[PDB]
Undergrad: 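Have a look at this one before I ask anything.
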Amino acid sequence: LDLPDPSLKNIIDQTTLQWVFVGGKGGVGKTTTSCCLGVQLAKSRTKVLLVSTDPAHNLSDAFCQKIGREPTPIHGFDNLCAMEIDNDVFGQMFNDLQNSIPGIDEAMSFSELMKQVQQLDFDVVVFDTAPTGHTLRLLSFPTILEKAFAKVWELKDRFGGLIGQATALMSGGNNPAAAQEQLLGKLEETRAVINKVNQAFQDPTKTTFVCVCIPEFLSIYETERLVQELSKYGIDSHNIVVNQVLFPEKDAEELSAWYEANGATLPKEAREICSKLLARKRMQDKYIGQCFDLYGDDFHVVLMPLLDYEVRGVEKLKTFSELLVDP
Amino acid sequence: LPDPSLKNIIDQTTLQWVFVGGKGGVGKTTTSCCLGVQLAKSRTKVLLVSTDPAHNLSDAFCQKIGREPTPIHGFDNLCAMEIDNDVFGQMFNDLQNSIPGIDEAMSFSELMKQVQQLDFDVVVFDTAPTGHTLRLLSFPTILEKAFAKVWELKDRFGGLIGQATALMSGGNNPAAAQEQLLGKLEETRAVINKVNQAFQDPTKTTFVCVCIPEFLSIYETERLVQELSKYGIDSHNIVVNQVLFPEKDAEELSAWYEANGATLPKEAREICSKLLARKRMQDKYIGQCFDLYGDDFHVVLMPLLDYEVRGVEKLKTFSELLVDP
Ligand SMILES: Nc1ncnc2c1ncn2[C@@H]1O[C@H](COP(=O)(O)OP(=O)(O)O)[C@@H](O)[C@H]1O
Ligand SMILES: Nc1ncnc2c1ncn2[C@@H]1O[C@H](COP(=O)(O)OP(=O)(O)O)[C@@H](O)[C@H]1O
Ligand SMILES: [Mg+2]
Ligand SMILES: [Mg+2]
C-alpha cells in the first residue's frame, strides 16, 4: 500500500505550525505524546512551550521535574519550557450567570490562558489537553458565550423595571444598570479573545490536532467523537497515534502459526501466557484494522509499542519521541 | 390586602410540598423550620428536607440531624433530614460532560423517590440559594436534552458500537451499555415527570420566597418568582426577614433625631444615626416589595432580632410571629 507515513514527522516538517493540540481519552498517552512532540520540536524551532490543562500534574511526573504555573525550562534543553495549569451588584449578576450558563467560567479561564500564552511569545505550543469529554466542551465555547449573552439580554428585558428603580437608590459602585453593562463588556472581552483564537485554530497552517488512542473500543470511540467534533468546528486533524500496541512488529498470523505448531512443547505456564498474549494480539489487530478503516486514507496512523516501564524521564521521552517521528 | 402571615399555608390542608427559597443568609432555614413546627400542629406527620449544601439544619435545631428522617427533640410528628474498561461508566461520564446538570437531576430524582416513599403528609424543602433552585426548576429540560444527546450519539456511532459489540463477547456489550444508559435516563425522567406534575398543581405545591429589605435579595426574589411563574409553579407568600423594627416607620424617628440629635451623648447619637439610616434604606426596599407583590402575595414582615434563631424555643416564638402576627 501507499499511505501517509506512519509517524508524526509531518508535524515537525510543517514549520509554520503555532498550536499543536494532543487529545484522547484518559490513560492513552496524551501527556507522553505531548512531551515527545515538544522534545522533537525543540530541535528545529527557536522556542517551544508545553501547556498542560489536564487537571492533575502529570507533566512534572513525565519530565521527572517540578513544573510551575509559568514557563519552566526543562533540564537538558535550552529552548523547551513547560507549564502546568489547574452589596456588589456586578458580583451577584456574574454569580447568577455562572449558575445559569454552565461552562462560562471555563470559557473565561481559557480566554485568560490564551491571552497569557499569546503574550509569552513562543514559536510553537503543544497542548496536553484534558480527556476527550472536557475538550469537546472547550470546542463548544462559542455556543456557551452566545447563550450567556442571550441570558444577560433576557435578564435586562425581564427586570429592567426593578433595575432602573434601584439605580436611583444605591450610589457609588453599585448601579445595577452599570453592573449589567459591565457584565456584557466582560462577556464581550471573552468572546473577542476566543474569536481571534478560533480564527487561528481553523487555519491548518497554524493549528492541528493529534488524536491518541489504544487498540480498544472505548479509546477508538472517543477518538471518533473527537475527530468528528473537530471536523464540525473546522479544526484540522491528520494524525492518529495508536499507543501501547503489543509488539507492533510481528504479525498475528506468524505467531498463531508458531503457537499452533509448538504450543504443546512448552510448559503449561508458558503455554498459557503465550495463548493469552496471542488472544490480546488478535483483539488489538481487530481494533487497529478498525482504525485503518476510519482513518489512514486521510490520517497518519502511528503505531507505538507497549513498554514494560513508564515513559518518565528525559532519556526515555527522547527514545519514545524518536519512535514517534521515524519508526 | 392578603393577611401578612403564612397562615394560608396552614389553612390549605391539601399542600403536599412547601418549598422555601431565597438568597443566602436571608432566613430560608429559619422559615423552613418554623413552617415545619407550625404544620406539625395541624398535620399528622411533617418532614423537613434540606437540600442546602451546608448542614444548617443541625445548627438551626441545635441537634445533629441525620441523613434520613430524624425526629426532633420535643416533637412527636416532626422529622428532619439533611442531604449530601467500563463502557457504561464511560458513556455516563461523556453524558455528564456533554449535558452539565444531569447528575444533579438524577440526585434530585432519587431524593424525590425516597421522600415520596417515606409517606408524609407534608414536606418542607429548605432549598439551596436561588441560583441552584432555578436549575432545579430546569431539570426536566436537562433530562430531555440528555435523552436527545444519547440518541444522537446512538445514531452517529451505531456502526462503531455494533462492530465492537460483535468483537467483545459476553458482557461489556457497548450497545447494551447504551440501552442501559437510556433506561437509566427513562427511570429518572419518569420520577421527575411525576414530581413536576405535582409541582404544577397549586393544590399540592407552593413556594415561599424569603428576602430581606435589600436590593440584591429583592432582585433574586423577583428572579425566582418569575421563574416559578414560567414553570407553572405557584407562589403567593413573600417573607421579608430581618426587618428593623417593622412596627414603626422611619418618619417618626427621623423627626425625633433631627430635632434632638445634638442633645445625645456621642455613643447614643452615633448608634441612633446608624439605626435611622438603615431604617430609611430598609423602608425604601420594603416599599419596593409592596410595589412588586402585595396585590397577589401574602407579605410577612419579620423583625430583626439580636440573637440567632437557633434552638427549639427560638423557632417556636419565630413561628408564632410567622403564622399569626
Ligand atoms: N507506549 C507505552 N508503553 C507503556 N507505557 C506507556 C506508553 N505510553 C505511556 N505509557 C505510560 O502510561 C501512563 C499513562 O500515560 P499518559 O501519557 O499519562 O496518558 P494520558 O496523558 O493520556 O492520561 C504513563 O505513566 C506512561 O508512562
Ligand atoms: N429575624 C431574624 N433576626 C435575627 N437573626 C436571624 C433572623 N432570621 C434568621 N436569623 C439568623 O440568620 C442566620 C441565617 O439564617 P438562615 O435561616 O440560615 O438563612 P438561609 O438558610 O437563607 O441562609 C441564622 O443563623 C439565623 O439564626
Ligand atoms: Mg494528560
Ligand atoms: Mg441555610
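Below, chains carry the letters A, B, ... as their sequence lines are ordered, and counting in each starts from 1.
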Undergrad: Do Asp52(B) and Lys28(B) sit within salt-bridge range, that is, some charged N less than 4.0 Å from a carboxylate O?
TA: no

Undergrad: Quick check: does any side chain N or O of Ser109(B) sit under 3.5 Å from a backbone N or O of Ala105(B), one acting as donor and the other as acceptor?
TA: no

Undergrad: For the residue pair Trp17(B) and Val124(B), establish whether any side-chain heavy-atom pair is separated by less than 4.5 Å.
TA: no

Undergrad: Establish, for the pair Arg310(B) and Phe61(B), whether the NZ or CZ atom is under 6.0 angstrom from the six-membered ring centre and no further than 45 degrees off its axis.
TA: no

Undergrad: Check whether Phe199(B) forms a cation-pi arrangement with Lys204(B) (NZ or CZ under 6.0 Å from the six-membered ring centre, at most 45° off the ring normal).
TA: no

Undergrad: Who are the salt bridge (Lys or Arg N to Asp or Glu O under 4.0 Å) partners of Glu179(B), not counting sequence neighbours?
TA: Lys154(B)

Undergrad: Around atom CE of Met168(B), are there more than 12 heavy atoms of other residues, nucleotides or ligands at under 6.0 Å?
TA: yes

Undergrad: Should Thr129(A) and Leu138(A) count as side-chain neighbours, where that means a heavy-atom distance under 4.5 Å?
TA: no

Undergrad: Between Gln197(B) and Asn193(B), does any side-chain donor sit less than 3.5 Å from a side-chain acceptor?
TA: no

Undergrad: Count the heavy atoms belonging to other residues, nucleotides or ligands that lie under 6.0 Å from NZ of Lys145(B), then report whether that count exceeds 12.
TA: no

Undergrad: Parallel, tilted or perpendicular: which describes the rings of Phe141(A) and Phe110(A), with under 30° parallel and over 60° perpendicular?
TA: tilted

Undergrad: Taking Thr205(B) for the side chain and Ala198(B) for the main chain, is one N or O donor matched with an acceptor at less than 3.5 Å?
TA: yes

Undergrad: Any side-chain heavy-atom pair from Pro303(B) and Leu321(B) closer than 4.5 angstrom?
TA: yes

Undergrad: Quick check: are there more than 12 heavy atoms from other residues, nucleotides or ligands sitting under 6.0 Å from CD of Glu224(A)?
TA: yes

Undergrad: CD of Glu152(B): more than 12 outside heavy atoms within 6.0 angstrom?
TA: yes

Undergrad: Among all residues two or more places apart in sequence or in another chain, which pass the ring-ring contact (aromatic ring centres under 6.0 Å, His included) test with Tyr219(B)?
TA: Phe159(A), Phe215(B)

Undergrad: Are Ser5(B) and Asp324(B) linked by a side-chain donor-acceptor pair shorter than 3.5 Å?
TA: no

Undergrad: Give the table of side-chain donor-acceptor pairs shorter than 3.5 Å for residues 80-89 of chain B, with sequence neighbours excluded, one pair per line with atom names and distance.
TA:
unit_1, atom_1, unit_2, atom_2, d
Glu82(B), OE1, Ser50(B), OG, 3.1
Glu82(B), OE2, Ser50(B), OG, 2.9
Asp86(B), OD2, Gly89(B), N, 3.2

Undergrad: Around atom NZ of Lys7(B), are there more than 12 heavy atoms of other residues, nucleotides or ligands at under 6.0 Å?
TA: no

Undergrad: I'd like to know if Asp94(B) and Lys149(B) make a salt bridge, using a cut-off of under 4.0 Å between side-chain N and carboxylate O.
TA: no

